[PDB]
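Before any questions on binding or motion, here is one chain by itself as structure tokens, the form deposited in one PDB entry.
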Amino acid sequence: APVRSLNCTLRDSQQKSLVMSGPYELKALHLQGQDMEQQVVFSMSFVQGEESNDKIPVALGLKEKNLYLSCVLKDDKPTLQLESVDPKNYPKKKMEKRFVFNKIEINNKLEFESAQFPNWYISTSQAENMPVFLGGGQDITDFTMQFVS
């Protein structure tokens, strides 16, 4: 059938919200009140890949944008980018591996591991207004997920 998707937001375990940082980056900052409209709404797609009770393969697209989080090599290490795709072809059930995250439930939170790069996770900094990155400590790898209409 058609790939299944849900709209959602993510916050890090320090309750920082994610926002756009120019066209191909996200940043995390403390947001409350009217400013919470700046937060990115994801379309989380449930994709093909290796699955267990608490390991669920997803893609993270920006709602109604042909942009996906992807894990791509740079300076010889796994890194997080926003990548444009053909809007005719996405989302799809068989997403390419660079777009796949294992959504893992650990102690009432979520971690998003790169399917491509084992043990590299979507991360934030403790400081305000710094990029979201891929991290292999002080950095934050746990999130909560709010399901949106």
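Only residues modelled in both forms are compared. For every residue, the number given is its place in the sequence shown, counted from 1. Rigid core (definition): largest C-alpha set, two forms, superposition within 1.5 Å.
Not on display, but discussed next: the form solved in complex with a partner chain.
Taking the partner from elsewhere, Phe101 is found to have every heavy atom lying beyond 4.5 Å of the partner chain in the deposited bound form. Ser43 belongs to the set of residues with a heavy atom inside 4.5 Å of the partner chain in the deposited bound form. Interface membership of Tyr68, defined by any non-hydrogen atom within 4.5 Å of the partner chain in the deposited bound form, is confirmed.
With the core fitted between this form and the one not shown, just one of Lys97, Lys55, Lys65, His30 shows a Cα displacement of at least 2 Å, namely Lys65. Shifted stretches between this form and the one not shown, defined as 3+ consecutive common residues each with a CA displacement of 2 angstroms or more after rigid core fitting, are limited to 63-65.
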